[PDB]
Ligand SMILES: *[C@@H]1O[C@H](CO)[C@@H](O[C@@H]2O[C@H](CO)[C@@H](O)[C@H](O)[C@H]2NC(C)=O)[C@H](O)[C@H]1NC(C)=O
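Chains as they are written, first to last, in PDB author numbering: chain C, 938 to 985; chain B, 549 to 597.
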C-alpha cells in the first residue's frame, strides 16, 4: 500500500517543472516552451 | 462548495453551476487486452479478454 501511495503522491510533484497539471502548461505558454516543460514532466513521471 | 476531490487531488465530483445538481465523474474507460489462443498449428482463431 505504501508503494501505491508513493507512486501516486508524485503525480503532484512538478519535478522542478512549471506545474504538475499538463493543461496549465498547455493552455498558458507557447507550444514550443510547452513542449519543453511537458517533456520534463513526461520523463520525471516515467522515472517513477 | 462547488467541486470535490478523490484520494488524490483529481476532481471527481462537481456541483453543476447551472442547476446546483451534484454530479459525479467516472473515468471514461480503459484497460488491458488479453488474447486467448489454442495455438497456431491447431487453429487460427482467438478469444479476447
Ligand atoms: C436556471 O434558472 C432558471 C430560473 O432562474 C430555472 O428555472 C426554474 O426552474 C425551477 C425548477 O424546475 C422551477 O421551480 C422554477 O419555476 C423555474 N423558474 C423559471 C423562471 O423558469 C432553471 O431551472 C435553471 N436551469 C436549470 C438547468 O435548472
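Ideal Cβ placement from N, Cα and C applies to all residues, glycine included.
**Request:** Measure how close the beta-carbons of residue 557 of chain B and residue 573 of chain B come, nearest whole angstrom, since I'm counting them as under 8 Å.
**Result:** 14 Å between Cβ atoms; not a contact.
Closer than 7 Å to a non-hydrogen atom of ligand 1 - does that hold for the CB of residue 946 of chain C? The answer is no for residue 946 of chain C.
Best match in B:593, B:550 and B:575 for proximity to residue 566 of chain B [C-alpha to C-alpha]:
Nearest in C-alpha terms to residue 566 of chain B, of all of B:593, B:550 and B:575, is B:550.
Buried or exposed (CB count within 10 angstroms, at least 16 for buried), residue 978 of chain C
Only buried fits residue 978 of chain C, as 16 or more other CB atoms lie within 10 angstroms of its CB.
For the pair the stretch 965–973 of chain C and the stretch 940–947 of chain C, tell me if three or more CB-CB distances fall below 8 Å. No: fewer than three Cβ pairs fall under 8 Å.
**Prompt:** From the beta carbon of residue 591 of chain B, is the nearest beta carbon of chain C less than 8 Å away?
**Reply:** no
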